[PDB]
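Notes for the one structure printed next.
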There are 2 protein chains.
Amino acid sequence: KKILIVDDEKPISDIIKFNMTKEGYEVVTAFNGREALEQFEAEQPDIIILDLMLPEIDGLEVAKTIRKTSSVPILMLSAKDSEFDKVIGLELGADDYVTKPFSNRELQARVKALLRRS
Amino acid sequence: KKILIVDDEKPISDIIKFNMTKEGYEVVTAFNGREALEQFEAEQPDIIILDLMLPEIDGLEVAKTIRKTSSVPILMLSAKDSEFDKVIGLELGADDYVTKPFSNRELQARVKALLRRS
């Protein structure tokens, strides 16, 4: 399956890409909101890992515009960890929300759980 | 929709029941693993909130036996918060895993996210 990793930090994108690759996923990456939407239309990923904090267009808007056309599972990832952040992420259409820093194993498990359910 | 709350602590069951009721869910409760499986068969809940730590049969076994027959969404809830706990919960079939103590608003949001997806 194909995962789109949307993260404006290259070190973190690289770590997620490495671990998702190691599991047998095809990985596409985007580094801002605009690239996220372009990659989403062009690549039709099976799941999207989406950070809230993005150049050009923020993660919340990315998720909101994606949901206008698609039920693709979205796992939001963010260093922001307050109740409000988690709640608004999910209500705007994320299927899950994981905080940074994260466990690589938990992330893999959550990606699988999401894929199992769509 | 109907939520089965499986929790061996009555104060916590009561809080979840209160807040899920306030949202318009029908609530059924179980206080151990055996009651969980009985309520699951008899009531056919739309979602199950399941703590790991249960009398008679533990939460991990509850989730594992449920999955033999049912794709019903399971949200695991536990004071245990390590990587291992979260990972094994999810791999044994939970759709999500939230730690105690939890935000009532985040829990509501996660229940909705799960229901949206099944």
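Because only heavy atoms are used, hydrogens play no part in the values below, and waters and symmetry mates are left out as well, while side chains stay in. In the text below, chain A, chain B and the rest are named by the order of the sequence lines, each starting its count at 1.
Cluster membership for B/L4 and B/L60, using ILVMFWY side-chain heavy atoms within less than 4.5 angstrom, is shared. No chain of hydrophobic side-chain contacts below 4.5 Å, direct or via other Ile, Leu, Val, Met, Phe, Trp or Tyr residues, connects A/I48 to A/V111. By the criterion of side-chain heavy atoms lying less than 4.5 angstrom apart, applied directly or through intervening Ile, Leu, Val, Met, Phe, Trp or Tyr residues, A/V6 is grouped together with A/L92 in one hydrophobic cluster. There is no path of hydrophobic side-chain contacts, each under 4.5 Å, that joins B/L114 to A/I88.
Inter-residue side-chain proximity for B/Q108 and A/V87 is flagged as unmet; no heavy-atom pair is nearer than 4.5 Å. Taking the side chain as every heavy atom from C-beta outward, B/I47 and B/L115 approach each other to under 4.5 Å. Counting heavy atoms from C-beta outward, A/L75 and A/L77 have side chains that approach closer than 4.5 Å. In this structure, A/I16 and A/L107 have side chains that are in contact, with non-hydrogen atoms separated by less than 4.5 Å.
Screening residues 72-81 of chain B for side-chain hydrogen bond (donor to acceptor under 3.5 Å, both in side chains), with sequence neighbours left out, gives no hits. Residue pairs that meet the salt bridge (charged side-chain N to carboxylate O under 4.0 Å, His left out) test with at least one member in residues 42-52 of chain A, sequence neighbours left out, are A/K2-A/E43. Residue pairs meeting the side-chain hydrogen bond (donor to acceptor under 3.5 Å, both in side chains) criterion with at least one member in residues 56-71 of chain B, sequence neighbours excluded: B/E61-B/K64, B/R67-B/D95.
Minimum heavy-atom separation, A/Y97 to A/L52: OH-CD1, 3.1 Å. Residue B/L54 comes nearest to B/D8 through the heavy atom pair CD2-N, 3.9 Å, listed as atom of the first residue, atom of the second, then distance. Among all heavy-atom pairs drawn from B/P45 and B/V72, the shortest one is O-CG2, 3.4 Å. Contact record, A/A94 with A/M76: CB-CG, 3.6 Å, taken as the closest heavy-atom pair. Shortest non-hydrogen contact noted between B/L90 and A/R116 is O-NH2, 3.2 Å.
Atom-to-atom distance recorded for B/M53:CE and B/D7:CG is 11.0 Å, nearest 0.5 angstrom.
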Please tabulate, for the side chains in residues 98-105 of chain A, all donor-acceptor contacts under 3.5 angstrom to protein atoms that are two or more places apart in sequence or on a different chain.
residue : atom : partner : partner atom : Å
A/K100  : NZ   : A/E9    : OE1          : 2.6
A/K100  : NZ   : A/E9    : OE2          : 2.9
A/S103  : OG   : A/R105  : N            : 3.3
A/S103  : OG   : A/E106  : N            : 3.0
A/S103  : OG   : B/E83   : OE1          : 2.6

Below 3.5 Å, can you tabulate the donor-acceptor pairs from side chains in residues 26-41 of chain B to any protein atom, sequence neighbours excluded?
residue : atom : partner : partner atom : Å
B/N32   : OD1  : B/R34   : N            : 3.0
B/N32   : OD1  : B/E35   : N            : 2.8
B/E35   : OE1  : B/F31   : N            : 2.8

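Listed by chain and residue number, B/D14 satisfy the salt bridge (charged side-chain N to carboxylate O under 4.0 Å, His left out) test with B/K10 (two or more places apart in sequence, or in another chain).
Other residues, nucleotides and ligands contribute more than 12 heavy atoms inside 6.0 Å of the CD atom of A/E23.
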- Message: Please determine whether side chain to side chain contact (heavy atoms under 4.5 Å, CB included) holds for the pair B/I66 and B/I74, giving the CA-CA distance in whole Å, both sets of side-chain angles, and the decisive distance to 0.1 Å.
- Response: CA-CA 9 Å; B/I66 284 169; B/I74 297 173; 4.0 Å; yes
